[PDB]
């Protein structure tokens, strides 16, 4: 009967769909590698999909995936065991070296652009008509690290312009230069901004941006990577 036919066909459709979904989800990160970066012998039962090409919006070119995978950066880790499956220990300072929870990827060293081809993220002072709308304005607040010491003062908010959202606090340090802190990694309080992930002495080490009115994708990855890594690697100094 038609209902047995239908359910029979459906199971076949579903297996095909899962097969399609799994291979689509292999457009990044494959082939699988050994710990030394050479191709693993066992790739699984799904082969790679035929490549697709995205056309990028502002003369920025295309992306074709799957394609040749490569970290494009040194990775300061070494094996801790003589067989596969164990951790790899930082060979230096994992925060400065950008490994473990402090990792960053080699994204393009250009800012994300909005639909009109303008920089998506800007310091509020350079963003016409933007202002604090609701909530405690953090600008001017002292910034406190997990060691309960003051690391600097908030001098601006970096806003997402098309999405009208706060993305970073710009924080000025004792020596007069500034750093960006991810909004998601700060707690705005009535009399301070509190930064759980970093002790005061780690603020100087936040990666800097090469131009003071824009951030590149590569820069945001280094900053966000570095601050999140403090949760594991400051932790000695953090005192709750």
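By rigid core we mean the largest C-alpha set that fits within 1.5 Å across both forms. Positions refer to the first chain, counted from 1.
Root-mean-square C-alpha deviation from the shown form, taken over all structures in 8 other deposited structures of this protein superposed by the rigid core, is larger for 29 to 37 than for the alternative among 29 to 37 and 193 to 201. Using the rigid core as the fitting frame, the root mean square C-alpha deviation in 8 other deposited structures of this protein is greater for 18 to 26 than for the other of 18 to 26 and 215 to 223. Here 142 to 150 and 77 to 85 are compared by their mean Cα B-factor, and 142 to 150 comes out higher. For residue 31, the recorded CA B-factor ranks within the middle third of the chain. Only modelled residues enter the ranking. Per the deposited record, the Cα B-factor of residue 3 falls in the lowest third when ranked against the other modelled residues of its chain. In the deposited entry, the Cα temperature factor of residue 103 places it in the lowest third of its chain's modelled residues. Among all modelled residues in its chain, residue 112 ranks in the middle third by Cα B-factor.
Annotation for residue 129: CA B-factor lies in the middle third of the chain's modelled residues.
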